[PDB]
């Protein structure tokens, strides 16, 4: 079985992931409302992935005979200023999640929980992937600009990324 502190830390991580899902889900809808259906589809998919991250943690708890505690999920932001605003916030939130993961990994090493340390390597690896991905979207949106047919080209670029996965 796992220590009470770890279980508390994991239950906390599960909540963050559930929140991120709805946050992304919320940004997705805003994009659809502003004709950014490319970005809309991309974030809709991403919300599902984040939701899988939560279930994977719940499953680790279920198979260690640990008690799960689902807290309330706070309402997310419903309005944004633009395509770039949305993806800056998203990248921002991803970095926050990465940080949370590092703190968890650290706590496992200091408190000597090598199993959970092992199990979490998946998330370390995964966040490297997702942080790279979103950083790229932002730079890409800036490199294209809002001038000209920028928004259009930007939204189509993101649409391709969503399809290629």
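Numbering follows the first chain given and starts at 1.
For the segment pair 129-137 and 36-44, the entry gives 129-137 the higher mean B-factor, averaged over Cα atoms.
Higher mean CA B-factor, judged across 66-74 and 116-124 from the recorded values: 66-74. Ranked against the other modelled residues of its chain, the C-alpha B-factor of residue 13 as given in the entry falls in the lowest third. Among the modelled residues of the chain, residue 158 sits in the middle third by CA temperature factor in this PDB entry. The entry lists a Cα temperature factor for residue 109 that places it in the highest third of the chain's modelled residues.
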